[PDB]
Structures are given as C-alpha cells and as structure tokens.
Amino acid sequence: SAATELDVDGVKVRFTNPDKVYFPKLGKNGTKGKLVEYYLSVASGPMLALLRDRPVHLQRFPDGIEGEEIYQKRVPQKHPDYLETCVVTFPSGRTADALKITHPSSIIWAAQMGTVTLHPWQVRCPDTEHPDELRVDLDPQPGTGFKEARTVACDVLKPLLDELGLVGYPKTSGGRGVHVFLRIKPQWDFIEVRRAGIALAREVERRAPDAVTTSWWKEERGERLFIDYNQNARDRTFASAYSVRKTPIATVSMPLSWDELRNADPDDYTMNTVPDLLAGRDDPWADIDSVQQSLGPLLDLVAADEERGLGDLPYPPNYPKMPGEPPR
C-alpha cells in the first residue's frame, strides 16, 4: 500500500511496510510494524529519558535480521527537518554528525529506517569529550551464561558499589550478559573514565577470582565472566536500554532492579512482552539522573592499582589512535 504518517508527539513520521517480516521465527509477531509498535510504546517514556541528548549509531536490518546488516554512524545528508544531530569525535580524530535523540520521533524514524538496535554514546551533546556514564559489561565466556552474570552482578559488584558510595543501574543486554551503568558528572575524559572502569573491574575480579576475569588474552580467561573494560573507550557503545536485539525472538535490553536481576531470565523480555511487563511497574531506573556521581572513589582504586604496579591495559586490536594519544 501507500506510505502512512504517524503523529509522534506532534511530529509527523513517514511509515512504510508494516507487514514486512523482520524476525522470521516470530511470523506475524515479528513484522516491522510490531517493532514500530513496540518502540512507540517505549520511546515517549522510559527509553527517551535514558537516550536524551545522546548521539547514537543505528544497527539496521531493512530486510530483516537474516538479511543485510547496516551499521550506520553518520546521519544521511538529506533527512527530515525534525531530526537533530551533534558532532562526535572518533579515536582517529575524525569528527562526524551523529543522530541525536531529542524526541520520540527520532527513535520512531530510526525504526522506520529498519533500526533494530540503537547504540548510544556514553556522552550527552554537545560536550561529547566527557562521558556522563561509566559502563560495566559482564560478558559470560564459553562455559558460563546469564546465571553467572546475574550472580556476580548481585553478589559481588552491587555490594562493592555500596562500599564505594556509588549507585549503579542494571539491565539485561538481551544477549547472555548484564550491563551496569553509573551516572557520573561529565568532569572526566574517555581515558580517565576507562581507567576508572579498569580499576572497578580489577576489584570485582580480586573479590571473586574463580568467577571473574579481566584477562585481555582469551586463553587465560577460562569458564568465567569477563568484564569488558574496553567498553568504556571512545566509539565503543552498548545496545541501548529498551533496544531490541538481533536474536530470533527479538529480545530486549531490559532495565531491572537489583532485586529483580537475582532471579531474572533475559528471554522473558522481548519486543512482544516488554510493554505489558512495564504496565503498573515502577521504572527501576527512575532515579538514575538524580545523582551526578564523582568518579573519585574509582580513581582511588586506579591509584591503588598503580601502587601495586598495575596500570593501563590493551585497547581492542582494531583500536585506532589519535595523532597525539598515549600508549594503547
């Protein structure tokens, strides 16, 4: 049929192909229209607050998740008037205009473009040199899974954050692991925030060394949860809160309370189930913006590691370097 128009909180968004299948395993429950309806359910409320003012990359499947994948950082030169952008700087020093999430219409436009997963930077525009978010990525290695991740998050990481006077917010990744966010004052750069995250990861590890590893080299990790400290680098992003994932059942990265995480199963949260699960339930991340935390406690961990003779760790193998940057 011809295209239709969605009125998204006052902004008109062109919408096509509602019945195109994106998730074959789900049949009629895996159409592009189902995906747009899910995003309409979350983009005005809890998802928008967590994405607000952030530049994002888009992981697009215009022909569904078994077709071509388009990972897109730059915004197309020609695009609707209602989309806003902001300037990000990549590890090489190149800059680009990235889509900035300012209104539910930009999430719905992304969905119309086939975006399954949104990937926000850890900064807010326009101060895109200073993260306001430290990310902890609990990544089960072969032989481990979500049970290990939720156990380590609840029993090791959360009590450590309590001891440090820090508050963190957990979500399922929608894969096998767990993400934990700390809102921080935007007072430190990517290098400093990443060092803080390395010191946090090393402290989690030394509290549960049989369950946790920070080893960059895979042959040393074993059947343990890896804390991927490099996710705090520049141009390293995360699937956003409330993003659908490229899994056969369209799982969703789901914010939880710490109490819920203890017994959670990530397959419970999909683009088909999440809206009904939010109804009547307090947003567990309602307070994330209420306290702009200092990195101070984690930078103390950094200095203590330096006294142990432990400094920086390798960046990812593909990681660029800026002409003036320090040892990668």
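Numbering starts at 1 and runs along the sequence shown.
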Inset, instruction - Take the C-alpha B-factors listed in the entry for 23-31 and for 54-62, compute each mean, and give the stretch with the larger one. - result: 23-31
Legend entry - Selected stretch [higher average CA B-factor]: 64-72 or 283-291: 64-72
Inset, instruction - From the list 239, 256, 196, 96, select the residue with the highest C-alpha B factor recorded in the entry. - result: 96
Inset, instruction - For the C-alpha B-factor as written in the entry, point me to the maximum among 135, 78, 183, 103. - result: 78
Legend entry - Lowest, middle or highest third - CA B-factor, residue 227: middle
Inset, instruction - Taking the values exactly as deposited, rank residue 142 by C-alpha B-factor within its chain and report the matching third: lowest, middle or highest. - result: highest
Legend entry - CA B-factor ranking of residue 169, expressed as a third of its chain: lowest
Legend entry - Among modelled residues of the same chain, the CA temperature factor third for residue 243: middle
Inset, instruction - Grab the CA temperature factor for residue 187 from the record and place it in the lowest, middle or highest third of its chain. - result: middle
